[PDB]
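Protein chains in written order, with our numbering: chain A, 334 to 734; chain B, 8 to 411; chain C, 957 to 1037.
Built from N, CA and C at the ideal position, the CB exists for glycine as well.
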Amino acid sequence: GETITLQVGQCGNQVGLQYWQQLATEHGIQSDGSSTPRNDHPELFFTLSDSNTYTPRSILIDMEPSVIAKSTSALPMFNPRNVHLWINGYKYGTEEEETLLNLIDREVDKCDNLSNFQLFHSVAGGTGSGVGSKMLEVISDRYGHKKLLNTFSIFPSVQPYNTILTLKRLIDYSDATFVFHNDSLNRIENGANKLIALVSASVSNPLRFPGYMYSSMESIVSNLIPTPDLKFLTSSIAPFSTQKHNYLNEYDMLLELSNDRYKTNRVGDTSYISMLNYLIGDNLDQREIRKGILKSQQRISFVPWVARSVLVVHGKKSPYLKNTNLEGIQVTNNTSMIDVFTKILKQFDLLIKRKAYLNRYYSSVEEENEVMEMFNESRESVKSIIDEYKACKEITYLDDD
Amino acid sequence: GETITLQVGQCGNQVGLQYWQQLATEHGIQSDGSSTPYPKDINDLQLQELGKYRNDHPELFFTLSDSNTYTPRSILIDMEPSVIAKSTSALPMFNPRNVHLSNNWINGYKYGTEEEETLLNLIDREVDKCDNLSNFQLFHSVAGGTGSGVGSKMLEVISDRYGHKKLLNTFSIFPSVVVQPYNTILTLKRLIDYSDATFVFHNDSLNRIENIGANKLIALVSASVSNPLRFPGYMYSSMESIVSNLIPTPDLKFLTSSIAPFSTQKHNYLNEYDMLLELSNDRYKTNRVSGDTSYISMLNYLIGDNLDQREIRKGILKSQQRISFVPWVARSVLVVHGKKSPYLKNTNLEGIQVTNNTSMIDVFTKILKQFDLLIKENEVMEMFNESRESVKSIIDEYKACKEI
Amino acid sequence: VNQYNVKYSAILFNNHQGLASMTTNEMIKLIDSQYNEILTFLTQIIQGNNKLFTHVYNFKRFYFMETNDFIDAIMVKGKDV
């Protein structure tokens, strides 16, 4: 089925520009939307006119026109009709609810069979994070739960308040949320949006370049989310490619994809809940992959109550990329989320006991009570998810004792 | 049949000039009246190695002279000569004989009454050139001065001089000053009494569409309504047949039109299926319509070469469920497969939707409220009372339309 | 037809001595050439000078009611006859 991309905020718009440039390069679509000389299926991400032009399905949302202007000028094939221009931002989103609801309904009507909503946004984006938090609520309300949502939220490197307020709605409404940290991205680079764009583009490779299996997003996601509570994913990318000293075999890709240094978020000891590895090359040797799967299963520490299966998808490289060597992406579901969530909660508590900057949000007695109850609910939800991820680790998870 | 166009008032003349230039462009008739040779048909395939003949009906509007020169069937009525001078200069094809030259509605109405014989002679002269006349088209503004009074008097004169044996449309433009509400109600009284089908255009909603001039949109809608007549197809091809499909009773005669704006921007509609869904949007209707509206009749125009039947069928099926039909009217959506003029180079589709919904309750309510506020020889006050009662006579009727 | 008759008589009776004095391969080739030429000319007449497609289109235009204006004119004019 078709997918709709939502871009919110300055960071979201920049990441989306890199993402769409990568996708258009992979499908050979020119900057003006004209084709270049089919077995691939860009229709899932591009709308095809009866004049042979490809335009992205994405929707651009931002508080200021400079970022949107740069993005549109860089890629002229964006449709201008889809362009629209913390608590203050969220209340502003309430005012524009009708316009945005109709704007999204236009894209849904334009496609034939909708599958999922992609969202590119930054949790630490301030006002834009507020408008994206409202976007999740309105979409989930109007379209129910038949269509799932995927959020490629960028985590932060007064900010604690914003991170908690955005994470409350991220937990409530998102169906499968990727976690990216600028710290680990710049550590890997030792710009940064080119890693996120690459990971997001590769995550959907089996859909755009069909093969024997994994033809739908339901199959890709369902392998990684045993419970709707544990919805945060850790993504790992192998950087050593296109150099002379590349990984010599896909088997070494499978073994060295699990290194903790390549993960896109700060990690000690972790337990894996689910696994799925992407291998993308013109030709793939099966016996190497079998040996690598066996070693990966014998090496990785799974939680007791999970089936303990490692899945390797055999992605196909784009014809428009000339004979490049193998590359691969790893997406995992770990219990390492407790560390980052604990860090966020510690910062939030430290800055909530001290009334440092709450004057910018508490306007009156009723506003004080409103913000206090909202903050308490967000804190309780985050603690609930931490406790759930902690109870997953132990062996008595399925016991009623 | 034949159609006679009458333009009254400055706004009416401004709209009519572009309406006639649009028609002349579609039919390949130059501004001097000279005709252009007809290009070969596109779907009339022919074997291949590897002048007066036509298949349209332009003469339904233009009088074809013995010297192969076309001339519109238009009559221009107003008092200020500047607009008429501009219109004639832009289009020399207009017949000078057809031009007639001379704020309070009463003054204009009395002027029309005193000089009714000359205008009537002009109408009869235009009719005498027509064999098997079909209908009259009126372009006038409900409020604005000359247009209101003169158009109302011409409405009455034409209605009673021919025994109402031919239907009479009305492309009225509603206003977006102390005298304006009086003029609006006074003209709407005669619109109720005499007009057979009224196309309500609201200037504020036209400005809302534009910012995404205002007369160009009116000209486009008016010149696209009659597309089946000028390019005959399987269905309709008669002005009475199109109107009769949207007017269930004489009272529910007020129609409103929706326009798809993006006929030229390179991000135009992908296909017919997309445009069928986009036409129902309330942001491009020419009359402000709320969410409590209900539709009495549906009619969609499609203008393009070799439209895909699968897309149209699927679009009709999807759009039928979305539309909220009045309980006592069967769910029916009709699509007109118009033919694009071969003279036009643009290959993009255009589509105009004409609807008969119940949103008129709010519009006439606003007009009535403004009139009531402003009210707070004696003959004129009796006419005001009569107009108030006549307007209420269809206010309550459109309200009752909701009920089985 | 006369031009064709001369052209292919110059092959059957001048190049060769009749159908009997022709090996099966050459006889089949000759018949194939005649078939292609004949159907080429039949197309060039029927869909050429006759304009078969145009007249089929006109059949559909008039019999299948397409030009509704003409029929409306007939019915309004003959409403008494």
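Beta-bridge pairing of residue i - partner residues as DSSP gives them
{"i": "A:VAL512", "result": "A:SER486 and A:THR567"}
{"i": "B:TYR308", "result": "B:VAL343"}
{"i": "A:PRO652", "result": "According to DSSP, A:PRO652 bridges with nothing at all."}
{"i": "B:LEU108", "result": "B:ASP85"}
{"i": "A:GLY661", "result": "A:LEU612"}
{"i": "B:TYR302", "result": "B:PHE332 and B:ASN364"}
{"i": "B:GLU9", "result": "B:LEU140"}
{"i": "B:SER287", "result": "Looking at the DSSP assignment, B:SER287 forms no beta bridge with any residue, so it has no partner."}
Nearest candidate by alpha-carbon position, reference residue i, set the options
{"i": "A:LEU518", "options": "A:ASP593, A:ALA402 and A:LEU482", "result": "A:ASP593"}
{"i": "B:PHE378", "options": "B:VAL186, B:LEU52, B:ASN62 and B:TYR116", "result": "B:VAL186"}
{"i": "A:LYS624", "options": "A:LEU587, A:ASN495 and A:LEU731", "result": "A:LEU587"}
{"i": "A:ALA640", "options": "A:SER607, A:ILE613, A:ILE622 and A:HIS578", "result": "A:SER607"}
{"i": "B:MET86", "options": "B:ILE254, B:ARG61 and B:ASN114", "result": "B:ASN114"}
{"i": "residue 413 of chain B", "options": "B:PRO239, B:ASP200 and B:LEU227", "result": "Coverage of chain B is limited to positions 8 through 411, which leaves residue 413 of chain B absent and any answer about it impossible."}
{"i": "A:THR675", "options": "A:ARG599, A:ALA407, A:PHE411 and A:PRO375", "result": "A:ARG599"}
{"i": "A:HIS454", "options": "A:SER473, A:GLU470 and A:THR484", "result": "A:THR484"}
{"i": "A:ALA530", "options": "A:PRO409, A:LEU482 and A:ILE570", "result": "A:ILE570"}
{"i": "A:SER448", "options": "A:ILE394, A:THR336 and A:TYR545", "result": "A:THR336"}
{"i": "A:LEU678", "options": "A:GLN347, A:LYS480, A:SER568 and A:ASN495", "result": "A:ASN495"}
{"i": "B:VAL333", "options": "B:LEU309, B:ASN363, B:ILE319 and B:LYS352", "result": "B:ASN363"}
{"i": "B:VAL134", "options": "B:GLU247, B:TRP335 and B:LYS173", "result": "B:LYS173"}
{"i": "A:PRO561", "options": "A:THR380, A:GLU721 and A:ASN385", "result": "A:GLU721"}
{"i": "B:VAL343", "options": "B:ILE330, B:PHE101, B:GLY311 and B:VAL370", "result": "B:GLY311"}
{"i": "B:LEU67", "options": "B:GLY58, B:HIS34, B:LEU356 and B:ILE402", "result": "B:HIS34"}
{"i": "A:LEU659", "options": "A:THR388, A:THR510, A:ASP585 and A:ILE719", "result": "A:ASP585"}
{"i": "A:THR427", "options": "A:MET410, A:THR460 and A:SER404", "result": "A:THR460"}
Backbone CA spacing between residue i and residue j [nearest angstrom]
{"i": "B:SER244", "j": "C:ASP1025", "result": "6 Å"}
{"i": "B:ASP63", "j": "B:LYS409", "result": "42 Å"}
{"i": "A:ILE671", "j": "A:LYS716", "result": "10 Å"}
{"i": "B:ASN252", "j": "B:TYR116", "result": "33 Å"}
{"i": "A:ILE401", "j": "A:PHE450", "result": "20 Å"}
{"i": "A:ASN446", "j": "A:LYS628", "result": "40 Å"}
{"i": "A:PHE513", "j": "A:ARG520", "result": "12 Å"}
{"i": "A:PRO398", "j": "B:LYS292", "result": "28 Å"}
{"i": "B:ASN307", "j": "B:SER348", "result": "18 Å"}
{"i": "B:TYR118", "j": "B:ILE130", "result": "17 Å"}
{"i": "A:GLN663", "j": "A:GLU699", "result": "48 Å"}
{"i": "B:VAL149", "j": "B:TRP112", "result": "10 Å"}
{"i": "A:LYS467", "j": "B:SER96", "result": "57 Å"}
{"i": "A:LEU590", "j": "A:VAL532", "result": "14 Å"}
{"i": "A:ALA689", "j": "A:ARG475", "result": "38 Å"}
{"i": "B:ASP299", "j": "B:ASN278", "result": "29 Å"}
{"i": "A:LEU393", "j": "B:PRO65", "result": "47 Å"}
{"i": "B:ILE165", "j": "B:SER231", "result": "25 Å"}
{"i": "A:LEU683", "j": "A:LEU434", "result": "38 Å"}
{"i": "B:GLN327", "j": "B:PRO255", "result": "19 Å"}
{"i": "A:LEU408", "j": "A:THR380", "result": "15 Å"}
{"i": "A:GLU701", "j": "A:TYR695", "result": "5 Å"}
{"i": "C:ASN992", "j": "B:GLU56", "result": "16 Å"}
{"i": "A:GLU522", "j": "A:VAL673", "result": "21 Å"}
Cβ-heavy atom distance, residue i to the ligand HEM, below 7 Å
{"i": "B:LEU174", "result": "The model depicted lacks the ligand HEM and carries no ligand whatsoever."}
Self-check item: Inter-stretch contact at 8 Å, needing at least 3 Cβ pairs: the segment 530-539 of chain A / the segment 360-375 of chain A
Solution: no
Quiz item: Which of the residues in the segment 376-392 of chain A, read from start to end, lie with their CB under 9 Å from any CB of chain B?
Solution: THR380, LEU381, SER382, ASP383, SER384, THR386 and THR388
Practice problem: Can you give me, in chain order, the residues of the segment 430-454 of chain A that have a beta carbon less than 7 Å from any beta carbon in chain B? | Solution: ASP442 and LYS443
Quiz item: the segment 364-377 of chain B: which residues have C-beta closer than 8 Å to a C-beta of chain A, in chain order?
Solution: none
Quiz item: Would the segment 208-225 of chain B and the segment 271-282 of chain B be scored as touching if the rule is three or more Cβ pairs under 8 Å?
Solution: no
Quiz item: Does the segment 706-725 of chain A come close enough to the segment 615-623 of chain A to have 3 or more Cβ pairs within less than 8 Å?
Solution: no
Quiz item: Given a limit of 9 Å on CB to CB distance, which residues of the segment 330-345 of chain B reach chain C?
Solution: none
Quiz item: Going along the segment 270-300 of chain B in order, which residues come within less than 7 Å of chain A, judged by CB to CB distance?
Solution: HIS274, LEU277, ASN278, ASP281 and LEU284
Self-check item: Residues of the segment 402-415 of chain A whose Cβ lies closer than 8 Å to any Cβ of chain B, in chain order
Solution: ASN412, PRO413 and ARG414
Quiz item: For the segment 239-254 of chain B, which residues have a beta carbon sitting closer than 9 Å to at least one beta carbon of chain C?
Solution: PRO239, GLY240, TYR241, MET242, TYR243, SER244, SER245 and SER248
Exercise. For the segment 302-323 of chain B, enumerate the residues whose C-beta is nearer than 7 Å to any C-beta of chain C, in chain order.
Key: none
Quiz item: Just checking, does the segment 11-18 of chain B make contact with the segment 150-158 of chain B on the three C-beta pairs under 8 Å criterion?
Solution: yes
Quiz item: At a Cβ cut of 7 Å, what residues of the segment 23-35 of chain B count as close to chain C, listed as they run along the chain?
Solution: none
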